[PDB]
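> no FASTA, just this:
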């Protein structure tokens, strides 16, 4: 009805990481009921970025999650009004990222507005030294709590020298109007950086997400 089988979005991010301020604009598209989407991002201010793109990648779209019929798609039901989410990422070396996001629908296309803080990243760590190579597939633990939908996921970023750089991610998703919350389930997520120029001022991403009753 309100969410069509193919939908586009536009996104803007204002952000700062270890004192470095920047803005990003991008556009995306996908099939919300299939759980597949792509996005094209451009660093419009403060580029080139002096830190790993991977900590920003997961900030650029839960309306595009495939759900079985027996799991309420809380975030699709939040529209047209939409929803907001807030996220904290606790990295293993003390770095921290927080994010606030507003998701709305205007003229049949999603509008995403993102605000990001990052700080306390070691200057010799993999984030400020750009030593990450995307993230592994993950399973986000979804559950209802405090009248919102919450998510916890351990994200493992791949290191160029082998091994993984880990962050514990906690997110809250809250519809702007009361809508049916689901029971606890699992969202299997796979995201790939599909293309980028040399300094990562132009980046493309693909993501597949599916909700399941088990991991």
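Perfect, I can see it now. Numbers count the residues shown, from 1 in each chain.

> list the buried residues in the helix or strand hosting residue 149.
Secondary structure assignment for residue 149, by DSSP states H and E: strand 148-159. Judged by neighbour count (16 or more other CB atoms under 10 Å), strand 148-159 contains these buried residues: 148, 149, 150, 151, 153, 155, 156, 157, 158. C-beta: built from backbone N, CA, C; applies to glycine.

> for residue 139, state which of those is nearest.
The shortest approach to residue 139 among the buried residues of strand 148-159 belongs to residue 153, at 6.9 Å (CB to CB).

> enumerate every residue touching the closest one.
Residues near residue 153 by CB atoms under 8 Å, 6 or more residues apart in numbering: 138, 139, 140, 141, 169, 189.

> which among these count as buried?
Neighbour-count burial (16+ other CB under 10 Å) applied to these gives 138, 140, 141, 169, 189.

> any idea which of the contacts of residue 153 is closest to residue 64?
Ranked by distance to residue 64 (CB to CB), these are led by residue 189 at 10.9 Å.

> is it fair to say the closest one lies in a helix?
No - counting by DSSP: H, G, I helix; E, B strand; the rest coil, residue 189 is not found in a helix; it is strand.

> one step back: immediately after the strand holding residue 149, which helix or strand?
On the C-terminal side of strand 148-159, the nearest following helix or strand under DSSP H and E is strand 164-175.

> and that next one, what does it pack against?
In terms of contacts (3 or more CB pairs under 8 Å, 6 or more residues apart in numbering; DSSP states H and E), strand 164-175 is packed against helix 74-77, strand 83-91, strand 148-159.
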